[PDB]
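Student: Below is the file input_0.cif, which contains mmCIF, N, CA and C atoms.
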data_entry
loop_
_atom_site.group_PDB
_atom_site.id
_atom_site.type_symbol
_atom_site.label_atom_id
_atom_site.label_comp_id
_atom_site.auth_asym_id
_atom_site.auth_seq_id
_atom_site.Cartn_x
_atom_site.Cartn_y
_atom_site.Cartn_z
ATOM 1 N N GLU A 149 -220.141 58.626 -270.603
ATOM 2 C CA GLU A 149 -220.691 58.439 -269.260
ATOM 3 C C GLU A 149 -220.752 59.744 -268.465
ATOM 4 N N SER A 150 -221.852 59.941 -267.743
ATOM 5 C CA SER A 150 -222.086 61.185 -267.017
ATOM 6 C C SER A 150 -221.827 61.044 -265.520
ATOM 7 N N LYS A 151 -220.964 61.915 -264.997
ATOM 8 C CA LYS A 151 -220.669 61.998 -263.564
ATOM 9 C C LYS A 151 -219.959 60.765 -263.001
ATOM 10 N N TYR A 152 -219.813 59.726 -263.816
ATOM 11 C CA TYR A 152 -219.130 58.515 -263.380
ATOM 12 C C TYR A 152 -217.761 58.400 -264.044
ATOM 13 N N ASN A 153 -216.707 58.569 -263.250
ATOM 14 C CA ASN A 153 -215.336 58.456 -263.736
ATOM 15 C C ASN A 153 -214.606 57.392 -262.925
ATOM 16 N N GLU A 154 -213.475 56.910 -263.434
ATOM 17 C CA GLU A 154 -212.789 55.782 -262.805
ATOM 18 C C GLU A 154 -212.304 56.054 -261.379
ATOM 19 N N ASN A 155 -212.640 55.124 -260.492
ATOM 20 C CA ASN A 155 -212.292 55.161 -259.073
ATOM 21 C C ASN A 155 -212.684 56.473 -258.395
ATOM 22 N N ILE A 156 -211.903 56.891 -257.403
ATOM 23 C CA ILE A 156 -212.066 58.201 -256.782
ATOM 24 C C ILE A 156 -210.975 59.202 -257.183
ATOM 25 N N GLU A 157 -209.980 58.731 -257.926
ATOM 26 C CA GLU A 157 -208.715 59.457 -258.042
ATOM 27 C C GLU A 157 -208.785 60.717 -258.900
ATOM 28 N N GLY A 158 -209.674 60.719 -259.886
ATOM 29 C CA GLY A 158 -209.769 61.844 -260.795
ATOM 30 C C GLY A 158 -209.085 61.619 -262.128
ATOM 31 N N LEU A 159 -208.803 60.362 -262.467
ATOM 32 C CA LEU A 159 -208.263 60.074 -263.787
ATOM 33 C C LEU A 159 -209.472 60.170 -264.696
ATOM 34 N N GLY A 160 -209.445 61.133 -265.608
ATOM 35 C CA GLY A 160 -210.678 61.582 -266.219
ATOM 36 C C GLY A 160 -210.996 61.315 -267.673
ATOM 37 N N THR A 161 -210.192 60.518 -268.382
ATOM 38 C CA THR A 161 -210.362 60.429 -269.834
ATOM 39 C C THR A 161 -210.277 61.861 -270.333
ATOM 40 N N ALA A 162 -211.438 62.417 -270.665
ATOM 41 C CA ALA A 162 -211.568 63.831 -271.002
ATOM 42 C C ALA A 162 -210.863 64.236 -272.283
ATOM 43 N N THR A 163 -211.474 63.832 -273.391
ATOM 44 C CA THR A 163 -211.057 64.248 -274.717
ATOM 45 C C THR A 163 -211.161 65.762 -274.810
ATOM 46 N N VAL A 164 -210.387 66.351 -275.713
ATOM 47 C CA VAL A 164 -210.261 67.804 -275.758
ATOM 48 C C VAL A 164 -211.036 68.438 -276.913
ATOM 49 N N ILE A 165 -211.489 69.669 -276.692
ATOM 50 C CA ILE A 165 -212.238 70.441 -277.682
ATOM 51 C C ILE A 165 -211.286 70.908 -278.786
ATOM 52 N N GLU A 166 -211.787 71.643 -279.778
ATOM 53 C CA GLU A 166 -210.923 72.061 -280.885
ATOM 54 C C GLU A 166 -210.945 73.559 -281.194
ATOM 55 N N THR A 167 -209.907 74.008 -281.897
ATOM 56 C CA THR A 167 -209.786 75.388 -282.347
ATOM 57 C C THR A 167 -210.890 75.680 -283.353
ATOM 58 N N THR A 168 -211.265 76.953 -283.460
ATOM 59 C CA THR A 168 -212.377 77.391 -284.302
ATOM 60 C C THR A 168 -213.670 76.636 -283.998
ATOM 61 N N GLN A 169 -214.428 76.313 -285.043
ATOM 62 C CA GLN A 169 -215.766 75.746 -284.901
ATOM 63 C C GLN A 169 -216.239 75.216 -286.245
ATOM 64 N N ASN A 170 -217.508 74.814 -286.324
ATOM 65 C CA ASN A 170 -218.135 74.622 -287.630
ATOM 66 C C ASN A 170 -217.459 73.581 -288.519
ATOM 67 N N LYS A 171 -217.788 72.312 -288.309
ATOM 68 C CA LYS A 171 -217.157 71.212 -289.036
ATOM 69 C C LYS A 171 -217.142 71.438 -290.552
ATOM 70 N N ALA A 172 -217.992 72.346 -291.023
ATOM 71 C CA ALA A 172 -217.965 72.803 -292.407
ATOM 72 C C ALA A 172 -217.212 74.129 -292.632
ATOM 73 N N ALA A 173 -216.622 74.696 -291.579
ATOM 74 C CA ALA A 173 -215.988 76.020 -291.682
ATOM 75 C C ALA A 173 -214.818 76.068 -292.648
ATOM 76 N N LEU A 174 -214.083 74.968 -292.746
ATOM 77 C CA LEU A 174 -212.832 74.991 -293.491
ATOM 78 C C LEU A 174 -212.957 74.390 -294.888
ATOM 79 N N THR A 175 -212.959 73.063 -294.966
ATOM 80 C CA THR A 175 -212.957 72.341 -296.239
ATOM 81 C C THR A 175 -211.781 72.767 -297.124
ATOM 82 N N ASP A 176 -210.732 73.299 -296.501
ATOM 83 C CA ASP A 176 -209.570 73.798 -297.228
ATOM 84 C C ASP A 176 -208.488 72.729 -297.364
ATOM 85 N N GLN A 177 -208.660 71.632 -296.626
ATOM 86 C CA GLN A 177 -207.736 70.489 -296.615
ATOM 87 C C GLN A 177 -206.368 70.822 -295.994
ATOM 88 N N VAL A 178 -206.100 72.114 -295.835
ATOM 89 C CA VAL A 178 -204.980 72.607 -295.045
ATOM 90 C C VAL A 178 -205.630 73.559 -294.046
ATOM 91 N N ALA A 179 -204.857 74.118 -293.113
ATOM 92 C CA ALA A 179 -205.407 74.929 -292.015
ATOM 93 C C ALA A 179 -206.285 74.089 -291.079
ATOM 94 N N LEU A 180 -206.436 72.815 -291.433
ATOM 95 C CA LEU A 180 -207.127 71.804 -290.638
ATOM 96 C C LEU A 180 -206.098 70.849 -290.038
ATOM 97 N N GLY A 181 -205.334 70.196 -290.911
ATOM 98 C CA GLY A 181 -204.276 69.286 -290.503
ATOM 99 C C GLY A 181 -203.331 69.837 -289.449
ATOM 100 N N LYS A 182 -203.053 71.136 -289.521
ATOM 101 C CA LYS A 182 -202.263 71.816 -288.498
ATOM 102 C C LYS A 182 -202.972 71.741 -287.147
ATOM 103 N N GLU A 183 -204.282 71.976 -287.163
ATOM 104 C CA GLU A 183 -205.084 71.890 -285.947
ATOM 105 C C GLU A 183 -205.142 70.448 -285.452
ATOM 106 N N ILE A 184 -204.987 69.497 -286.370
ATOM 107 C CA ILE A 184 -204.903 68.085 -286.004
ATOM 108 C C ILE A 184 -203.564 67.788 -285.315
ATOM 109 N N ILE A 185 -202.501 68.448 -285.771
ATOM 110 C CA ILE A 185 -201.192 68.358 -285.121
ATOM 111 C C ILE A 185 -201.270 68.889 -283.686
ATOM 112 N N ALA A 186 -201.733 70.133 -283.557
ATOM 113 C CA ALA A 186 -201.943 70.764 -282.254
ATOM 114 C C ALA A 186 -202.799 69.883 -281.344
ATOM 115 N N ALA A 187 -203.864 69.338 -281.925
ATOM 116 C CA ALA A 187 -204.723 68.365 -281.261
ATOM 117 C C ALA A 187 -203.918 67.206 -280.679
ATOM 118 N N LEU A 188 -203.211 66.479 -281.543
ATOM 119 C CA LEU A 188 -202.361 65.361 -281.122
ATOM 120 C C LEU A 188 -201.390 65.715 -279.988
ATOM 121 N N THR A 189 -200.808 66.914 -280.046
ATOM 122 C CA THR A 189 -199.952 67.371 -278.949
ATOM 123 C C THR A 189 -200.747 67.502 -277.645
ATOM 124 N N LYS A 190 -201.943 68.084 -277.740
ATOM 125 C CA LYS A 190 -202.844 68.152 -276.587
ATOM 126 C C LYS A 190 -203.203 66.760 -276.065
ATOM 127 N N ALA A 191 -203.251 65.786 -276.969
ATOM 128 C CA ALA A 191 -203.529 64.404 -276.601
ATOM 129 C C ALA A 191 -202.376 63.858 -275.770
ATOM 130 N N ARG A 192 -201.145 64.112 -276.215
ATOM 131 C CA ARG A 192 -199.966 63.786 -275.409
ATOM 132 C C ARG A 192 -200.086 64.395 -274.018
ATOM 133 N N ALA A 193 -200.478 65.664 -273.973
ATOM 134 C CA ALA A 193 -200.648 66.371 -272.706
ATOM 135 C C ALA A 193 -201.637 65.674 -271.771
ATOM 136 N N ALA A 194 -202.899 65.616 -272.185
ATOM 137 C CA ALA A 194 -203.960 65.046 -271.363
ATOM 138 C C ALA A 194 -203.766 63.559 -271.065
ATOM 139 N N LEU A 195 -202.903 62.900 -271.835
ATOM 140 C CA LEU A 195 -202.603 61.485 -271.607
ATOM 141 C C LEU A 195 -201.611 61.250 -270.463
ATOM 142 N N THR A 196 -200.564 62.071 -270.405
ATOM 143 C CA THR A 196 -199.456 61.856 -269.472
ATOM 144 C C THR A 196 -199.761 62.311 -268.035
ATOM 145 N N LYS A 197 -200.882 63.009 -267.852
ATOM 146 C CA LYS A 197 -201.348 63.364 -266.512
ATOM 147 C C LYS A 197 -201.739 62.097 -265.756
ATOM 148 N N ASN A 198 -202.127 61.079 -266.517
ATOM 149 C CA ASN A 198 -202.533 59.790 -265.971
ATOM 150 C C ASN A 198 -201.410 58.745 -265.943
ATOM 151 N N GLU B 149 -192.293 85.201 -250.907
ATOM 152 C CA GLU B 149 -192.151 85.932 -249.643
ATOM 153 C C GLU B 149 -192.218 87.457 -249.795
ATOM 154 N N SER B 150 -192.555 88.141 -248.703
ATOM 155 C CA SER B 150 -192.561 89.603 -248.665
ATOM 156 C C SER B 150 -191.168 90.101 -248.305
ATOM 157 N N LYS B 151 -190.569 90.890 -249.199
ATOM 158 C CA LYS B 151 -189.145 91.242 -249.125
ATOM 159 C C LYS B 151 -188.316 90.005 -248.770
ATOM 160 N N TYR B 152 -187.547 90.087 -247.687
ATOM 161 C CA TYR B 152 -186.911 88.917 -247.086
ATOM 162 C C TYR B 152 -186.148 88.033 -248.068
ATOM 163 N N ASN B 153 -185.062 88.565 -248.615
ATOM 164 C CA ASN B 153 -184.195 87.781 -249.479
ATOM 165 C C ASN B 153 -182.906 87.466 -248.730
ATOM 166 N N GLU B 154 -182.325 86.299 -249.002
ATOM 167 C CA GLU B 154 -181.138 85.825 -248.285
ATOM 168 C C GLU B 154 -179.998 86.846 -248.332
ATOM 169 N N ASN B 155 -179.199 86.893 -247.266
ATOM 170 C CA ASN B 155 -178.168 87.915 -247.088
ATOM 171 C C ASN B 155 -178.809 89.304 -247.152
ATOM 172 N N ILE B 156 -178.131 90.271 -247.762
ATOM 173 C CA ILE B 156 -178.768 91.544 -248.087
ATOM 174 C C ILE B 156 -178.459 91.967 -249.531
ATOM 175 N N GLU B 157 -177.217 92.393 -249.761
ATOM 176 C CA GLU B 157 -176.671 92.741 -251.080
ATOM 177 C C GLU B 157 -177.613 93.521 -252.010
ATOM 178 N N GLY B 158 -177.616 93.152 -253.288
ATOM 179 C CA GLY B 158 -178.586 93.664 -254.237
ATOM 180 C C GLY B 158 -179.526 92.577 -254.719
ATOM 181 N N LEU B 159 -179.421 91.401 -254.108
ATOM 182 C CA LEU B 159 -180.033 90.197 -254.664
ATOM 183 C C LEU B 159 -181.528 90.024 -254.379
ATOM 184 N N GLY B 160 -182.251 89.568 -255.398
ATOM 185 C CA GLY B 160 -183.620 89.106 -255.245
ATOM 186 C C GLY B 160 -183.945 88.114 -256.346
ATOM 187 N N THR B 161 -184.872 87.201 -256.077
ATOM 188 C CA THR B 161 -185.180 86.125 -257.018
ATOM 189 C C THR B 161 -186.320 86.503 -257.962
ATOM 190 N N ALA B 162 -186.187 86.130 -259.232
ATOM 191 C CA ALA B 162 -187.093 86.615 -260.272
ATOM 192 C C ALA B 162 -188.328 85.746 -260.499
ATOM 193 N N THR B 163 -189.465 86.407 -260.687
ATOM 194 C CA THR B 163 -190.677 85.759 -261.161
ATOM 195 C C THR B 163 -190.924 86.299 -262.565
ATOM 196 N N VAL B 164 -190.767 85.453 -263.579
ATOM 197 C CA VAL B 164 -190.838 85.937 -264.953
ATOM 198 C C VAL B 164 -192.271 85.906 -265.473
ATOM 199 N N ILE B 165 -192.810 87.094 -265.734
ATOM 200 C CA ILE B 165 -194.181 87.247 -266.201
ATOM 201 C C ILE B 165 -194.255 87.043 -267.706
ATOM 202 N N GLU B 166 -195.409 87.346 -268.288
ATOM 203 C CA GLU B 166 -195.567 87.243 -269.731
ATOM 204 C C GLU B 166 -196.380 88.401 -270.287
ATOM 205 N N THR B 167 -196.098 88.754 -271.536
ATOM 206 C CA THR B 167 -196.839 89.779 -272.251
ATOM 207 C C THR B 167 -198.130 89.166 -272.769
ATOM 208 N N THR B 168 -198.793 89.875 -273.677
ATOM 209 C CA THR B 168 -200.111 89.486 -274.169
ATOM 210 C C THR B 168 -201.133 89.485 -273.037
ATOM 211 N N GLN B 169 -201.777 88.346 -272.807
ATOM 212 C CA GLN B 169 -202.947 88.321 -271.936
ATOM 213 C C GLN B 169 -203.113 87.059 -271.089
ATOM 214 N N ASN B 170 -204.292 86.945 -270.485
ATOM 215 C CA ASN B 170 -204.631 85.881 -269.544
ATOM 216 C C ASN B 170 -204.685 84.485 -270.163
ATOM 217 N N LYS B 171 -204.638 83.471 -269.301
ATOM 218 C CA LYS B 171 -204.674 82.066 -269.707
ATOM 219 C C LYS B 171 -205.834 81.713 -270.634
ATOM 220 N N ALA B 172 -206.942 82.433 -270.500
ATOM 221 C CA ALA B 172 -208.129 82.159 -271.299
ATOM 222 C C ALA B 172 -208.142 82.956 -272.600
ATOM 223 N N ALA B 173 -207.189 83.869 -272.746
ATOM 224 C CA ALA B 173 -207.168 84.771 -273.894
ATOM 225 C C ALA B 173 -206.249 84.328 -275.037
ATOM 226 N N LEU B 174 -205.605 83.174 -274.888
ATOM 227 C CA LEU B 174 -204.756 82.643 -275.957
ATOM 228 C C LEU B 174 -205.228 81.272 -276.457
ATOM 229 N N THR B 175 -205.145 80.262 -275.594
ATOM 230 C CA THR B 175 -205.639 78.913 -275.884
ATOM 231 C C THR B 175 -205.223 78.371 -277.258
ATOM 232 N N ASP B 176 -203.920 78.204 -277.456
ATOM 233 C CA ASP B 176 -203.386 77.711 -278.724
ATOM 234 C C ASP B 176 -202.008 77.095 -278.512
ATOM 235 N N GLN B 177 -201.574 76.246 -279.439
ATOM 236 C CA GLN B 177 -200.225 75.688 -279.378
ATOM 237 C C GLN B 177 -199.160 76.637 -279.938
ATOM 238 N N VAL B 178 -199.457 77.252 -281.081
ATOM 239 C CA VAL B 178 -198.545 78.200 -281.729
ATOM 240 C C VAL B 178 -198.207 79.416 -280.862
ATOM 241 N N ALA B 179 -199.213 80.255 -280.624
ATOM 242 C CA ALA B 179 -199.041 81.506 -279.888
ATOM 243 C C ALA B 179 -198.439 81.283 -278.506
ATOM 244 N N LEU B 180 -199.101 80.441 -277.715
ATOM 245 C CA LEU B 180 -198.602 80.080 -276.396
ATOM 246 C C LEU B 180 -197.184 79.543 -276.477
ATOM 247 N N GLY B 181 -196.904 78.692 -277.459
ATOM 248 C CA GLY B 181 -195.572 78.133 -277.618
ATOM 249 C C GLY B 181 -194.495 79.190 -277.789
ATOM 250 N N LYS B 182 -194.693 80.070 -278.769
ATOM 251 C CA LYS B 182 -193.768 81.172 -279.027
ATOM 252 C C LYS B 182 -193.566 82.023 -277.775
ATOM 253 N N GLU B 183 -194.672 82.333 -277.100
ATOM 254 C CA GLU B 183 -194.613 83.100 -275.857
ATOM 255 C C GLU B 183 -193.797 82.391 -274.773
ATOM 256 N N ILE B 184 -193.972 81.077 -274.670
ATOM 257 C CA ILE B 184 -193.223 80.253 -273.726
ATOM 258 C C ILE B 184 -191.728 80.322 -274.024
ATOM 259 N N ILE B 185 -191.366 80.220 -275.302
ATOM 260 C CA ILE B 185 -189.962 80.321 -275.702
ATOM 261 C C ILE B 185 -189.369 81.679 -275.305
ATOM 262 N N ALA B 186 -190.089 82.749 -275.644
ATOM 263 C CA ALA B 186 -189.680 84.106 -275.275
ATOM 264 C C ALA B 186 -189.434 84.236 -273.770
ATOM 265 N N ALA B 187 -190.391 83.753 -272.985
ATOM 266 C CA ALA B 187 -190.261 83.737 -271.532
ATOM 267 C C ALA B 187 -189.056 82.912 -271.080
ATOM 268 N N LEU B 188 -188.752 81.850 -271.824
ATOM 269 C CA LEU B 188 -187.669 80.937 -271.465
ATOM 270 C C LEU B 188 -186.291 81.558 -271.662
ATOM 271 N N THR B 189 -186.088 82.254 -272.780
ATOM 272 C CA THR B 189 -184.820 82.957 -272.985
ATOM 273 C C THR B 189 -184.720 84.169 -272.058
ATOM 274 N N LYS B 190 -185.867 84.799 -271.804
ATOM 275 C CA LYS B 190 -185.959 85.922 -270.874
ATOM 276 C C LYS B 190 -185.434 85.515 -269.495
ATOM 277 N N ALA B 191 -186.016 84.451 -268.950
ATOM 278 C CA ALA B 191 -185.588 83.898 -267.668
ATOM 279 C C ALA B 191 -184.164 83.339 -267.724
ATOM 280 N N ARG B 192 -183.788 82.799 -268.883
ATOM 281 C CA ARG B 192 -182.442 82.276 -269.115
ATOM 282 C C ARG B 192 -181.392 83.343 -268.842
ATOM 283 N N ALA B 193 -181.558 84.498 -269.479
ATOM 284 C CA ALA B 193 -180.650 85.618 -269.260
ATOM 285 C C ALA B 193 -180.801 86.166 -267.847
ATOM 286 N N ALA B 194 -182.044 86.233 -267.374
ATOM 287 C CA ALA B 194 -182.338 86.735 -266.033
ATOM 288 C C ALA B 194 -181.630 85.928 -264.944
ATOM 289 N N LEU B 195 -181.283 84.686 -265.265
ATOM 290 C CA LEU B 195 -180.550 83.816 -264.350
ATOM 291 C C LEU B 195 -179.050 84.118 -264.353
ATOM 292 N N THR B 196 -178.505 84.417 -265.529
ATOM 293 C CA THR B 196 -177.060 84.559 -265.692
ATOM 294 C C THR B 196 -176.562 85.927 -265.203
ATOM 295 N N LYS B 197 -177.498 86.767 -264.767
ATOM 296 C CA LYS B 197 -177.172 87.927 -263.939
ATOM 297 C C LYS B 197 -177.475 87.549 -262.487
ATOM 298 N N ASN B 198 -176.662 88.059 -261.559
ATOM 299 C CA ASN B 198 -176.447 87.466 -260.231
ATOM 300 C C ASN B 198 -175.817 86.089 -260.442
#
Have the structure of the file written as structure tokens, please.

Tutor:
Amino acid sequence: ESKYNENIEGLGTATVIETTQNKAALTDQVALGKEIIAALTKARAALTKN
Amino acid sequence: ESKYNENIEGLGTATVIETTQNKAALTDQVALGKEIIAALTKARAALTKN
């Protein structure tokens, strides 16, 4: 949804971007999962603001 | 505050900075994390003086 977020308060959903780029950049099966860990931690972060 | 520390003595309160670079120049869990730890022990010791 564009420009429309819940209520007036600023609770924003707002999924987070990722390290590096290029969904085909890795294919190493490792060096990815670590970024998934870091990701999940960021999820904890952006979740608890709400 | 500008100067103006309680009493006079030798005392002043610490603002613990960080090495490396700006908020936009790291953007990671690993690097930022390690830096945070370093800053934490830095401030830890900085407290136990005075």

Student: Hey, what comes out of the PyMOL selection byres ((chain A and name CA) within 12 of (chain B and name CA)) on this file? Could you write it as an mmCIF file with N, CA and C atoms, in the frame of the given file?

Tutor:
data_model
loop_
_atom_site.group_PDB
_atom_site.id
_atom_site.type_symbol
_atom_site.label_atom_id
_atom_site.label_comp_id
_atom_site.auth_asym_id
_atom_site.auth_seq_id
_atom_site.Cartn_x
_atom_site.Cartn_y
_atom_site.Cartn_z
ATOM 1 N N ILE A 165 -211.489 69.669 -276.692
ATOM 2 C CA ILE A 165 -212.238 70.441 -277.682
ATOM 3 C C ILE A 165 -211.286 70.908 -278.786
ATOM 4 N N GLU A 166 -211.787 71.643 -279.778
ATOM 5 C CA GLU A 166 -210.923 72.061 -280.885
ATOM 6 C C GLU A 166 -210.945 73.559 -281.194
ATOM 7 N N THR A 167 -209.907 74.008 -281.897
ATOM 8 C CA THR A 167 -209.786 75.388 -282.347
ATOM 9 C C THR A 167 -210.890 75.680 -283.353
ATOM 10 N N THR A 168 -211.265 76.953 -283.460
ATOM 11 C CA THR A 168 -212.377 77.391 -284.302
ATOM 12 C C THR A 168 -213.670 76.636 -283.998
ATOM 13 N N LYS A 182 -203.053 71.136 -289.521
ATOM 14 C CA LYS A 182 -202.263 71.816 -288.498
ATOM 15 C C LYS A 182 -202.972 71.741 -287.147
ATOM 16 N N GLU A 183 -204.282 71.976 -287.163
ATOM 17 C CA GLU A 183 -205.084 71.890 -285.947
ATOM 18 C C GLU A 183 -205.142 70.448 -285.452
ATOM 19 N N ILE A 184 -204.987 69.497 -286.370
ATOM 20 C CA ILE A 184 -204.903 68.085 -286.004
ATOM 21 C C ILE A 184 -203.564 67.788 -285.315
ATOM 22 N N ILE A 185 -202.501 68.448 -285.771
ATOM 23 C CA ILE A 185 -201.192 68.358 -285.121
ATOM 24 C C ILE A 185 -201.270 68.889 -283.686
ATOM 25 N N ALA A 186 -201.733 70.133 -283.557
ATOM 26 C CA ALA A 186 -201.943 70.764 -282.254
ATOM 27 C C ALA A 186 -202.799 69.883 -281.344
ATOM 28 N N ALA A 187 -203.864 69.338 -281.925
ATOM 29 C CA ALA A 187 -204.723 68.365 -281.261
ATOM 30 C C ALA A 187 -203.918 67.206 -280.679
ATOM 31 N N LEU A 188 -203.211 66.479 -281.543
ATOM 32 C CA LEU A 188 -202.361 65.361 -281.122
ATOM 33 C C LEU A 188 -201.390 65.715 -279.988
ATOM 34 N N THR A 189 -200.808 66.914 -280.046
ATOM 35 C CA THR A 189 -199.952 67.371 -278.949
ATOM 36 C C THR A 189 -200.747 67.502 -277.645
ATOM 37 N N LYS A 190 -201.943 68.084 -277.740
ATOM 38 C CA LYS A 190 -202.844 68.152 -276.587
ATOM 39 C C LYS A 190 -203.203 66.760 -276.065
ATOM 40 N N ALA A 193 -200.478 65.664 -273.973
ATOM 41 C CA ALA A 193 -200.648 66.371 -272.706
ATOM 42 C C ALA A 193 -201.637 65.674 -271.771
#

Student: If you measure from CA of residue 157 (chain A) to atom C of residue 174 (chain B), what distance in Å do you get, rounded to one decimal?

Tutor: 28.8 Å

Student: Could you please determine the separation between CA of residue 151 (chain A) and atom C of residue 169 (chain A) in Å, to one decimal place?

Tutor: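 Computing the Euclidean distance for CA of residue 151 (chain A) and atom C of residue 169 (chain A) yields 26.6 Å.
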
Student: Enumerate the residues of chain B with a DSSP assignment of helix (DSSP H, G or I), computed from the backbone, and present them as a PDB file with N, CA and C atoms, in the frame of the given file.

Tutor:
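Okay, out32.pdb is ready:
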ATOM      1  N   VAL B 178    -199.457  77.252-281.081  1.00  0.00           N
ATOM      2  CA  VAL B 178    -198.545  78.200-281.729  1.00  0.00           C
ATOM      3  C   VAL B 178    -198.207  79.416-280.862  1.00  0.00           C
ATOM      4  N   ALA B 179    -199.213  80.255-280.624  1.00  0.00           N
ATOM      5  CA  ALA B 179    -199.041  81.506-279.888  1.00  0.00           C
ATOM      6  C   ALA B 179    -198.439  81.283-278.506  1.00  0.00           C
ATOM      7  N   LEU B 180    -199.101  80.441-277.715  1.00  0.00           N
ATOM      8  CA  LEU B 180    -198.602  80.080-276.396  1.00  0.00           C
ATOM      9  C   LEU B 180    -197.184  79.543-276.477  1.00  0.00           C
ATOM     10  N   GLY B 181    -196.904  78.692-277.459  1.00  0.00           N
ATOM     11  CA  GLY B 181    -195.572  78.133-277.618  1.00  0.00           C
ATOM     12  C   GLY B 181    -194.495  79.190-277.789  1.00  0.00           C
ATOM     13  N   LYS B 182    -194.693  80.070-278.769  1.00  0.00           N
ATOM     14  CA  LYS B 182    -193.768  81.172-279.027  1.00  0.00           C
ATOM     15  C   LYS B 182    -193.566  82.023-277.775  1.00  0.00           C
ATOM     16  N   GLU B 183    -194.672  82.333-277.100  1.00  0.00           N
ATOM     17  CA  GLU B 183    -194.613  83.100-275.857  1.00  0.00           C
ATOM     18  C   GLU B 183    -193.797  82.391-274.773  1.00  0.00           C
ATOM     19  N   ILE B 184    -193.972  81.077-274.670  1.00  0.00           N
ATOM     20  CA  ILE B 184    -193.223  80.253-273.726  1.00  0.00           C
ATOM     21  C   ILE B 184    -191.728  80.322-274.024  1.00  0.00           C
ATOM     22  N   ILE B 185    -191.366  80.220-275.302  1.00  0.00           N
ATOM     23  CA  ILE B 185    -189.962  80.321-275.702  1.00  0.00           C
ATOM     24  C   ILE B 185    -189.369  81.679-275.305  1.00  0.00           C
ATOM     25  N   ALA B 186    -190.089  82.749-275.644  1.00  0.00           N
ATOM     26  CA  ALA B 186    -189.680  84.106-275.275  1.00  0.00           C
ATOM     27  C   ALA B 186    -189.434  84.236-273.770  1.00  0.00           C
ATOM     28  N   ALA B 187    -190.391  83.753-272.985  1.00  0.00           N
ATOM     29  CA  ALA B 187    -190.261  83.737-271.532  1.00  0.00           C
ATOM     30  C   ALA B 187    -189.056  82.912-271.080  1.00  0.00           C
ATOM     31  N   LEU B 188    -188.752  81.850-271.824  1.00  0.00           N
ATOM     32  CA  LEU B 188    -187.669  80.937-271.465  1.00  0.00           C
ATOM     33  C   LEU B 188    -186.291  81.558-271.662  1.00  0.00           C
ATOM     34  N   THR B 189    -186.088  82.254-272.780  1.00  0.00           N
ATOM     35  CA  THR B 189    -184.820  82.957-272.985  1.00  0.00           C
ATOM     36  C   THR B 189    -184.720  84.169-272.058  1.00  0.00           C
ATOM     37  N   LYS B 190    -185.867  84.799-271.804  1.00  0.00           N
ATOM     38  CA  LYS B 190    -185.959  85.922-270.874  1.00  0.00           C
ATOM     39  C   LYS B 190    -185.434  85.515-269.495  1.00  0.00           C
ATOM     40  N   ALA B 191    -186.016  84.451-268.950  1.00  0.00           N
ATOM     41  CA  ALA B 191    -185.588  83.898-267.668  1.00  0.00           C
ATOM     42  C   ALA B 191    -184.164  83.339-267.724  1.00  0.00           C
ATOM     43  N   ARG B 192    -183.788  82.799-268.883  1.00  0.00           N
ATOM     44  CA  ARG B 192    -182.442  82.276-269.115  1.00  0.00           C
ATOM     45  C   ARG B 192    -181.392  83.343-268.842  1.00  0.00           C
ATOM     46  N   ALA B 193    -181.558  84.498-269.479  1.00  0.00           N
ATOM     47  CA  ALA B 193    -180.650  85.618-269.260  1.00  0.00           C
ATOM     48  C   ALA B 193    -180.801  86.166-267.847  1.00  0.00           C
ATOM     49  N   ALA B 194    -182.044  86.233-267.374  1.00  0.00           N
ATOM     50  CA  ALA B 194    -182.338  86.735-266.033  1.00  0.00           C
ATOM     51  C   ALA B 194    -181.630  85.928-264.944  1.00  0.00           C
ATOM     52  N   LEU B 195    -181.283  84.686-265.265  1.00  0.00           N
ATOM     53  CA  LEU B 195    -180.550  83.816-264.350  1.00  0.00           C
ATOM     54  C   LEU B 195    -179.050  84.118-264.353  1.00  0.00           C
ATOM     55  N   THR B 196    -178.505  84.417-265.529  1.00  0.00           N
ATOM     56  CA  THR B 196    -177.060  84.559-265.692  1.00  0.00           C
ATOM     57  C   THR B 196    -176.562  85.927-265.203  1.00  0.00           C
TER      58      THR B 196
END

Student: Which distance in Å separates CA of residue 195 (chain A) and CA of residue 179 (chain B), to one decimal?

Tutor: 22.0 Å

Student: Show me, as JSON, the centre and edge lengths in Å to one decimal of the axis-aligned box that covers every listed atom of region 151-162 of chain A with 5 Å on each side.

Tutor:
{"center_x": -214.6, "center_y": 59.7, "center_z": -264.5, "size_x": 22.7, "size_y": 19.1, "size_z": 25.5}

Student: Please return region 192-196 of chain B, rebuilt to N, CA, C and O atoms, as an mmCIF file, keeping the file's coordinate frame.

Tutor:
data_model
loop_
_atom_site.group_PDB
_atom_site.id
_atom_site.type_symbol
_atom_site.label_atom_id
_atom_site.label_comp_id
_atom_site.auth_asym_id
_atom_site.auth_seq_id
_atom_site.Cartn_x
_atom_site.Cartn_y
_atom_site.Cartn_z
ATOM 1 N N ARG B 192 -183.788 82.799 -268.883
ATOM 2 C CA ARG B 192 -182.442 82.276 -269.115
ATOM 3 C C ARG B 192 -181.392 83.343 -268.842
ATOM 4 O O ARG B 192 -180.457 83.126 -268.073
ATOM 5 N N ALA B 193 -181.558 84.498 -269.479
ATOM 6 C CA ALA B 193 -180.650 85.618 -269.260
ATOM 7 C C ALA B 193 -180.801 86.166 -267.847
ATOM 8 O O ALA B 193 -179.815 86.523 -267.202
ATOM 9 N N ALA B 194 -182.044 86.233 -267.374
ATOM 10 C CA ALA B 194 -182.338 86.735 -266.033
ATOM 11 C C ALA B 194 -181.630 85.928 -264.944
ATOM 12 O O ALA B 194 -181.424 86.419 -263.834
ATOM 13 N N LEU B 195 -181.283 84.686 -265.265
ATOM 14 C CA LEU B 195 -180.550 83.816 -264.350
ATOM 15 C C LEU B 195 -179.050 84.118 -264.353
ATOM 16 O O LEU B 195 -178.410 84.102 -263.306
ATOM 17 N N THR B 196 -178.505 84.417 -265.529
ATOM 18 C CA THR B 196 -177.060 84.559 -265.692
ATOM 19 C C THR B 196 -176.562 85.927 -265.203
ATOM 20 O O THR B 196 -175.363 86.210 -265.224
#
